[PDB]
Amino acid sequence: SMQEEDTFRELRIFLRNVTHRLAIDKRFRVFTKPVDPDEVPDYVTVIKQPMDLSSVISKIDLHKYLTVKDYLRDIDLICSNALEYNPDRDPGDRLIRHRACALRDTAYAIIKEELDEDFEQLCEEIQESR
Ligand SMILES: Cn1cc(Br)cc(N)c1=O
Ligand SMILES: [Cl-]
């Protein structure tokens, strides 16, 4: 129905706004673009599902997210990719891990404060109907 198309449009507007707020945060610059294989040629070898905020915007715009749960799986992937690729004790790795956890935590905190649970429940019920 349109009403269902209107629901998913509202979802996309909401997700673009959350993603924009994460992307303009200086802490998260490293997560804003895919990893350049020239800088890190073994990335694509270790990380099977690269994810970044640019890719998340592309996926919103392609109507790939029908729920905030599916969006948060991609945010979780940005975080777990960073924990897996940068696991060492050295400060460079610890800084990226802290920034990755802070991304996950910020996305979840914005969604806790600004997502209506009944809106998410509607999205989940339309998705389950398809
Ligand atoms: C996410 N990300 C980005 C860059 Br640039 C370099 C890394 N080692 C990494 O894990
Ligand atoms: Cl820095």
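Each ligand, and each atom within it, is numbered from 1 in the order the structure gives. Just the heavy atoms: all of them, side chains too, but no hydrogens, waters or symmetry mates, feed the values below. Counting from 1, the numbers follow the sequence of the chain as shown.
- Side-chain contact between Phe28 and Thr106 is present, with heavy atoms from C-beta onward closer than 4.5 Å.
- Sorted by first then second residue, the side-chain hydrogen bond (donor to acceptor under 3.5 Å, both in side chains) pairs that include residues 46-61, not counting sequence neighbours, are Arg16-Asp61, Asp52-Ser54, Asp52-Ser55, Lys59-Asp74.
- Under the 4.0 Å criterion applied to side-chain N and carboxylate O atoms, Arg73 and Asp70 are assigned as salt-bridge partners.
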*Evaluate the salt bridge (charged side-chain N to carboxylate O under 4.0 Å, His left out) criterion for residues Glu84 and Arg97: first the C-alpha distance (whole Å), next the side-chain angles of each, then the deciding distance (0.1 Å), finally the verdict.*
CA-CA 9 Å; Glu84 173 174 5; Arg97 295 202 301 279; over 6 Å; no
For ligand 1, list every N/O pair with the protein closer than 3.5 Å, one pair per line with the distance.
unit_1   : atom_1 : unit_2 : atom_2 : d
ligand 1 : 8 (N)  : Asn86  : OD1    : 3.1
ligand 1 : 10 (O) : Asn86  : ND2    : 2.8

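- Rounding to the nearest 0.5 Å places SG of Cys123 at 8.0 Å from CD of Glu10.
- A side-chain donor-acceptor contact under 3.5 Å links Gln121 and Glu125.
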